[PDB]
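Asker: Input: one structure, supplied below.
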Amino acid sequence: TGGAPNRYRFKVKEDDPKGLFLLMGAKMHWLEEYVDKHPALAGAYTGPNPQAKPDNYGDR
Amino acid sequence: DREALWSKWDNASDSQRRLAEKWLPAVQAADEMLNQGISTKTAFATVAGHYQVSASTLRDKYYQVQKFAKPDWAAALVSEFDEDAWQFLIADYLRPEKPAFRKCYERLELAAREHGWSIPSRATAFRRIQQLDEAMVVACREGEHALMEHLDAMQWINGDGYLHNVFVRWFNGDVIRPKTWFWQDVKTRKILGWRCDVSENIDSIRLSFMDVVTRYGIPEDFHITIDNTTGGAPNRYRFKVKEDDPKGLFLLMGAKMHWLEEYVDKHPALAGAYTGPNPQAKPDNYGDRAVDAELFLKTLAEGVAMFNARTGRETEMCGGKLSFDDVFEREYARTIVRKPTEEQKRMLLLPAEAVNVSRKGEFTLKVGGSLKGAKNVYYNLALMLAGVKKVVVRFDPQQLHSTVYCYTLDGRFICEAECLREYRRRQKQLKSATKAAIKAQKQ
Numbered sequence: 347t348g349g350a351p352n353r354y355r356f357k358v359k360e361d362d363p364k365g366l367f368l369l370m371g372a373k374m375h376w400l401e402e403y404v405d406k407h408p409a410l411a412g413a414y415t416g417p418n419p420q421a422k423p424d425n426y427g428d429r
Numbered sequence: 088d089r090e091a092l093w094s095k096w097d098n099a100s101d102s103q104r105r106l107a108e109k110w111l112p113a114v115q116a117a118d119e120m121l122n123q124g125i126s127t128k129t130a131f132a133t134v135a136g137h138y139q140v141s142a143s144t145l146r147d148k149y150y151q152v153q154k155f156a157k158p159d160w161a162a163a164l165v178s179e180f181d182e183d184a185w186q187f188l189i190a191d192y193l194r195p196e197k198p199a200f201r202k203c204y205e206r207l208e209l210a211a212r213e214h215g216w217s218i219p220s221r222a223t224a225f226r227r228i229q230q231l232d233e234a235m236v237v238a239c240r241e242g243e244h245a246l247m258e259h260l261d262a263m264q265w266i267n268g269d270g271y272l273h274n275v276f277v278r279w280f281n282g283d284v285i286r287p288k289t290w291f292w293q294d295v296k297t298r299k300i301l302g303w304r305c306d307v308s309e310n311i312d313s314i315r316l317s318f319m320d321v322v323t324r325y326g327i328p329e330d331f332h333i334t335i336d337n338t347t348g349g350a351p352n353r354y355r356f357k358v359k360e361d362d363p364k365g366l367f368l369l370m371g372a373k374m375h376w400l401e402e403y404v405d406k407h408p409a410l411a412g413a414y415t416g417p418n419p420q421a422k423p424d425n426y427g428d429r430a431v432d433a434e435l436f437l438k439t440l441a442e443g444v445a446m447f448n449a450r451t452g453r454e455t456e457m458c459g460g461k462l463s464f465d466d467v468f469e470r471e472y473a474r475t476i477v478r479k480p481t482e483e484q485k486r487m488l489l490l491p492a493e494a495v496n497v498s499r500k501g502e503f504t505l506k507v508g509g510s511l512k513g514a515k516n517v518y519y520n521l522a523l524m525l526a527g528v529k530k531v532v533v534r535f536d537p538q539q540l541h542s543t544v545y546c547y548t549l550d551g552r553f554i555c556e557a558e559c560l572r573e574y575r576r577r578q579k580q581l582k583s584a585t586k587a588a589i590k591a592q593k594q
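Protein chains in written order, with full-length UniProt numbering: chain A, 347 to 376, 400 to 429; chain B, 88 to 165, 178 to 247, 258 to 338, 347 to 376, 400 to 560, 572 to 594.
Below, the structure written as structure tokens:
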């Protein structure tokens with residue numbers, strides 16, 4: 347359900363989204402290569418590396 | 088030069104070499120007929136007759152091989180595109196990202212479109228990627244750089270450590286993962302000693318060594334290896358132990374210094413504690429499952445005993461038949477060792493961090509932790525009678541109530557002195584004041 351405090355300094359929000367979806371006339375039922406692996410982010414993406422040095426990343 | 092010719096013979100296919108082999112006896116036989124001065128017609132007709140071959144071909148090839156020496160007659164018988184795009188692609192693959200080749204290629208196609216570059220085939224591109232180097236892949240990940258006389262029993266021992274994946278409830282009540290240090294005989298592979306503790310520090314190494322030299326003795330030529338290709350910290354005795362130089366003690370023992401998971405971690409009795417290499421493991425079950433220190437250590441001792449006693453060891457010494465115990469018992473009897481004196485063993489007893497000495501020649505150690513609480517005060521006349529401010533105290537936990545030995549900060553023995572939950576409350580209060588504040592900051 348998400349919610350929690352307060353990005354607007356006031357808390358948002360415990361609700362029922364479900365009702366809104368049903369109201370829209372919707373019947374409810376219950400890229401990693403393009404984003405995470407793009408060259409421009411190479412300093413930030415670490416990759417599935419089991420051993421990765423934490424000392425480099427605050428800058429990256 | 089016959090180098091290029093012979094390399095052409097060499098590089099030839101088996102089928103091609105076979106072809107040359109088939110064509111050689113016909114050319115050689117033909118040579119014999121001409122030597123005899125036989126008409127060219129009769130000679131070729133005869134060869135083409137016996138051997139199924141075109142006479143014209145044989146004639147032509149004979150003249151072709153005529154200029155070549157006879158041993159080498161066999162050997163006789165046998178991407179223009181935009182550099183910017185290529186550079187762009189190579190630049191992309193070598194990133195630690197290391198994107199998929201087909202997709203990185205598609206991106207390259209977009210760039211090529213924007214710049215109007217003429218790109219080669221994906222197969223050609225990858226082919227060339229294979230042709231680049233083994234070293235380049237490592238250039239991308241820095242990987243390969245991360246890899247890159259008669260021995261008596263007891264003559265050379267190796268020390269190694271092991272972090273357990275089993276949760277054990279220690280003597281102080283805390284649930285931790287124990288770390289054990291082992292000493293192994295290099296020749297026979299027998300484990301000679303061990304000590305287990307809550308964390309990695311010099312004490313387990315030192316004491317396991319003590320166990321090894323007390324049980325099997327000190328050989329006349331002693332080599333010790335710890336591949337590194347100081348521990349200490351507070352206060353299990355309520356007084357801190359210890360910043361030192363172990364190194365000197367080892368050299369003094371007459372030792373030249375050099376720089400079971402199935403049996404322990406995987407034993408059935410610990411099944412609630414060992415989690416196994418499970419990437420997803422529920423933390424909610426384990427506080428109840430952690431095994432007792434006594435059970436873990438008994439399982440450890442039995443695991444060591446079984447590891448050593450296990451036959452069918454495939455080593456030179458065991459010859460696929462004996463166990464580490466057998467070969468160790470055999471070779472140890474053929475080595476010359478000496479037993480350590482009581483004094484040597486006592487010099488190995490534990491060092492306390494430097495304590496202050498008053499003008500009266502007395503100093504204090506606040507005993508606690510695993511030992512009964514008491515504030516011990518030690519004294520001697522030699523402490524007030526010469527130059528000293530601080531002193532390092534050497535002791536046996538069992539003998540703290542009576543005799544300790546004082547050393548100078550530089551290691552010179554001075555004399556011995558006769559004797560004339573606490574901080575955990577702070578640790579816990581600090582823990583609560585952390586957790587509450589952390590949750591409050593998260594929300």
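Heads up, the beta-carbon is just placed ideally off N, CA and C, and yes, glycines get one too.
Do you know offhand how far B:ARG89's Cα is from B:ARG146's?
Answerer: 23 Å
Asker: List, in chain order, every chain B residue whose beta-carbon is nearer than 9 Å to that of A:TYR414.
Answerer: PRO195, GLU196
Asker: Beta-carbon separation of B:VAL531 and B:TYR519 under 8 Å?
Answerer: In this structure, B:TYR519 does not lie closer than 8 Å to B:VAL531 by Cβ.
Asker: State the CB to CB distance for the pair B:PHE447 and B:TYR414, rounded to an integer number of angstroms; the pair is presumed to be in contact (CB under 8 Å).
Answerer: Between B:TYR414 and B:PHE447 the Cβ distance is about 17 Å, and since that is not below 8 Å, they are no contact.
Asker: Are any of the Cβ atoms in chain A nearer than 8 Å to that of B:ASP183?
Answerer: no
Asker: When the Cα of B:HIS407 is compared with those of B:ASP183, B:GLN420, B:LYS438, which residue comes out closest?
Answerer: B:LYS438
Asker: With a threshold of 8 Å between beta carbons, is A:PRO351 in contact with chain B?
Answerer: Contact with chain B is found for A:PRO351, since one of that chain's Cβ atoms lies less than 8 Å from the residue's Cβ.
Asker: Taking Cβ-Cβ distances below 9 Å as the criterion, which residues of the stretch 360 to 376 of chain B are in contact with chain A?
Answerer: none
Asker: Would you be able to state if there are at least three C-beta pairs under 8 Å between the stretch 477 to 495 of chain B and the stretch 314 to 333 of chain B?
Answerer: With a cut-off of 8 Å, the stretch 477 to 495 of chain B and the stretch 314 to 333 of chain B count as touching, because enough Cβ pairs lie within range.
Asker: For B:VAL544, which residues of its own chain have a beta-carbon under 6 Å away from its beta-carbon, when the five flanking residues on both sides are left out?
Answerer: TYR518, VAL533, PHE535, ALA557
Asker: Please identify the residue among B:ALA234, B:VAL236, B:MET457, B:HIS541 whose C-alpha is closest to the C-alpha of B:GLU471.
Answerer: Comparing Cα positions, the closest option is B:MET457.
Asker: Can you check which of these residues, A:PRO423, A:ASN418, A:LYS364, is closest to A:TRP376 by C-alpha distance?
Answerer: Checked all of A:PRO423, A:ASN418, A:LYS364; the closest Cα to A:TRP376 is A:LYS364.
Asker: Is B:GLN115 near the ligand FMN, judged by its Cβ being under 7 Å from some heavy atom?
Answerer: The model on display carries no ligand, and the ligand FMN is accordingly not part of it.
Asker: I need the DSSP call for B:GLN115, collapsed to helix, strand or coil.
Answerer: helix
Asker: Take the Cβ of B:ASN516 as the centre, count every other Cβ of all protein chains shown within 10 Å, and call the residue buried at 16 or more, exposed below.
Answerer: buried
Asker: Can you list, in chain order, the residues of its chain whose CB lies under 8 Å from that of B:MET235, leaving out five sequence neighbours each side?
Answerer: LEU193
Asker: Could you check whether the Cβ of B:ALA584 sits closer than 8 Å to any Cβ belonging to chain A?
Answerer: no
Asker: Taking contact to mean at least 3 C-beta pairs separated by less than 8 Å, is the stretch 226 to 242 of chain B in contact with the stretch 305 to 322 of chain B?
Answerer: At 8 Å Cβ cutoff, the stretches do not touch.
Asker: Short of 7 Å in beta carbon distance, which residues of its chain neighbour B:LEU549, apart from the five on each side in sequence? Order them along the chain.
Answerer: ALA494, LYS530, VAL532
Asker: Using a threshold of 8 Å, state whether the C-beta atoms of B:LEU521 and B:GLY508 are closer than that.
Answerer: no
Asker: Please state if the CB of B:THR451 and the CB of B:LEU435 are separated by a distance shorter than 8 Å.
Answerer: The Cβ-Cβ distance between B:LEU435 and B:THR451 does not fall below 8 Å.
Asker: Are there 16 or more other CB atoms within 10 angstroms of the CB of B:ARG278, so buried, or fewer, so exposed?
Answerer: With 16 or more Cβ atoms within 10 Å of its Cβ, B:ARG278 is classed as buried.
Asker: Applying the criterion that 16 or more other CB atoms from any shown protein chain within 10 Å of the CB defines a buried residue, is B:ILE589 buried or exposed?
Answerer: exposed
Asker: Chain A partners of B:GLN594, CB-CB under 7 Å?
Answerer: Taking a Cβ-Cβ cut-off of 7 Å, the neighbours of B:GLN594 in chain A comprise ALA350, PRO351, given in sequence order.
Asker: Could you have a look at B:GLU456 and say whether DSSP puts it in helix, strand or coil?
Answerer: coil
Asker: Chain A beta carbons: is any one of them nearer than 8 Å to that of B:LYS202?
Answerer: yes
Asker: Is it the case that the Cβ atoms of B:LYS288 and B:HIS273 are separated by a distance below 8 Å?
Answerer: yes
Asker: Give the straight-line distance between the Cα atoms of B:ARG201 and B:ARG221, rounded to the nearest whole angstrom.
Answerer: 8 Å
Asker: Within the same chain, show all residues whose beta-carbon is closer than 7 Å to that of B:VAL358, passing over the 5 residues directly before and after it, in chain order.
Answerer: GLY349, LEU490, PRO491, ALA492, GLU493
Asker: In the DSSP output, what is B:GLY268 paired with across the bridge?
Answerer: Partner(s): B:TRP292.
Asker: Mind checking whether B:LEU231 and B:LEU207 have CB atoms under 8 Å apart?
Answerer: no
Asker: Given that a residue counts as buried once 16 or more other Cβ atoms are within 10 Å of its Cβ, and exposed if not, what is B:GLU243?
Answerer: exposed
Asker: Beta-carbon of A:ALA421 versus every beta-carbon of chain B: anything under 8 Å?
Answerer: no
Asker: Using a Cβ-Cβ cut-off of less than 8 Å, give me the residues of the stretch 402 to 413 of chain A that come near chain B, in sequence order.
Answerer: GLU402, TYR403, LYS406, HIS407, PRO408, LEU410, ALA411
Asker: Could you tell me whether the Cβ of B:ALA587 comes closer than 8 Å to any Cβ of chain A?
Answerer: Look at B:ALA587: its C-beta is not under 8 Å from any C-beta on chain A.
Asker: Who are B:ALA514's beta bridge partners in DSSP?
Answerer: B:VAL507
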